[PDB]
Every structure is written in C-alpha cells, then in structure tokens.
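The form deposited in one PDB entry is given below as one chain in structure tokens.
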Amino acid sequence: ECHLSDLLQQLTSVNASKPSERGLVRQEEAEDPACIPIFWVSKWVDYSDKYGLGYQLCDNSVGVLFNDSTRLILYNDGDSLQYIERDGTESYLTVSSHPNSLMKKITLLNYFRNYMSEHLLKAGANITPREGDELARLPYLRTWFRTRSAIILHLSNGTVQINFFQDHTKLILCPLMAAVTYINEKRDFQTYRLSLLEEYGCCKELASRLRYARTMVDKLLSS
C-alpha cells in the first residue's frame, strides 16, 4: 500500500543521487545501529508446488503462507497462534485448544517448523535485533516471489527483505526507519540511513543492489 510507494520513492531518491560516483564516498558516515530491524526472515523453505512457502522470523516465531492465500503464524512461545485469511481477517487461537478447521494446516505448519529447525541455517545469527513494543503482534508475510538471482519477501509491517542467491548477500529495507541493512558475503552486516546515503554515497556493492532492489519493489507494486 502506502508503505510500498514510500519504499519505492526512497529508492528512487538514493539511486538518482548516483551514489557510487562521488569524489569521496563516506558510507562509513551513514551507519545507524539504532535502526537495526525488529523482525526479519532468517529461515525459509519453498514448497509452493504442494502447500506454500514456510519461514521463520528472527524470533523463533514460525509462519506459513499457503497456496490458498491463507496464513498461519506460530509465536516463538511455542503455543500462541494467528490465522489470517485471504480477505484479511485475523483470528487468535492456540495449539492447546483444538480448532478442527485448521488441524490439517497446523500439521503442515509443524512440518515446516521441523524442517527449518532440522536442516536450514539461521540468517543474521550475529545481529542483535532492536527492541519492539510490549504487546505487539507479529507481522505476517504478505507477498513473496522467487527468481533465479534472488528471492523477495514483503512483511506486513512494510519491511522488504531480498536475499541474493549467488552473492549470499542480503538486504533488509525498512520504509519507516528509512534504512537498509546489507549482509556481507562474510556474514558481516551494517545498517545505513537512506537519506544519509544521498549525501555521502556508498560502495559499488551496496549501490548496485539498491538499484536492483528498486525494480523488485516496482514488481511488487505492478501486482
């Protein structure tokens, strides 16, 4: 919605300053560890041929985006639940309760949760997330797509994550803090304010992906 348009114009602004062509680029002066995101996808598995795409946030909370456009999130407490239908309504259940309507989707939310815990590696394991509100519900995965060069994930709180398969690098763009986190080939990370990148620019690695990440935002809003 407005968040996707907000993100898009922030990317056009940094890409129009031509940040890599600077007499002296100082991306060392755009850091903001006070802008590290609260949640981000650190595990995911795509089984869309049968059920959908299951994931895990930085908290152990597990969510699944099913093929029928419904969603099921299991909080990192192991019990609390959240079900969101295609049309948007939310419902708050538990696993201690026995909602018969979903017992075939809870089993598959469990299968995804077991697989990710069994085989896949937690991305951003060396990052301290930033503290969130006390009684804040988790965000769900609104829309995702997966190409050959990268995968794109769009949470319900605006954050857009992009993992490049070849470089292993990862971007986490937040339109609210106006920041991006770049994860290095060596799993090193940093958070840069976006308006500061206009004034000081950045290296070729970060600059290149900010240009590519714009066309991906354009493909989320073309749909």
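Shifts are known only where both forms have a C-alpha. Heads up, when I say rigid core I mean the largest set of C-alphas that superpose within 1.5 Å between the two forms. Each residue number is its position in the shown sequence, starting from 1.
What comes next is about the form deposited in another entry, which is not displayed.
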Report the residue, chosen from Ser149, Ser101, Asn110, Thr128, for which the CA moves 2 Å or more between the shown form and the other one after the rigid core is overlaid. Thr128
Since the Cα separation of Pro129 and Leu171 moves by 3 Å or more in the other form, tell me which way: closer or farther than here. farther
Answer with closer or farther for the CA-CA spacing of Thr181 and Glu134 in the other form compared to the shown form; it moves by 3 Å or more. closer
The moving segments between the shown form and the other one, taken as three or more consecutive common residues whose Cα atoms each shift by 2 angstroms or more on the rigid core, are 126-136
